[PDB]
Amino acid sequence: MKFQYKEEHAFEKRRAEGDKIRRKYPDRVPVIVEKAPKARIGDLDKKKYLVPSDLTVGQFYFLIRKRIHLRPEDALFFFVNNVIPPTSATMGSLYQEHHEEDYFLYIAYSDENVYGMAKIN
């Protein structure tokens, strides 16, 4: 997973922005959300989110599903450093555990969970 936000903005500019956001909004965390490349699912209009630290991952799933207009029966998975976060975790806790050196949390989303199926060849 290569994030386009990182292709569009150099590291030092990203780190300055992420640091500034966390100081300006200490009760929020900055998050980059992008589609896994070969995922078969709708796109997001915005990559950069400022999220309440106490929002749960489950709540964030609901909001991202709504932004792409998914039906309830459609699947959606988040990946942070290739691990699927639990829905009960807060976005703040996920940020503190996994944010990168630019002070952003990076989430990839997909229609598919590799971990849940056995691909033969």
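All residue numbers refer to positions in the sequence shown, first residue = 1.
Looking at the deposited entry, does 91 to 99 or 39 to 47 carry the larger mean Cα B-factor? Mean C-alpha B-factor is greater for 39 to 47.
Quick check on the record: does 15 to 23 or 109 to 117 carry the larger mean Cα temperature factor? Result of the comparison: 109 to 117.
Looking at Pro72, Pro30, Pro85, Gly58, which one carries the largest C-alpha B-factor according to the PDB entry? Answer, based on the entry's C-alpha B-factors: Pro72.
Within this chain's modelled residues, let me know which third the CA B factor of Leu63 belongs to: lowest, middle or highest. For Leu63, the deposited C-alpha B-factor lands in the lowest third.
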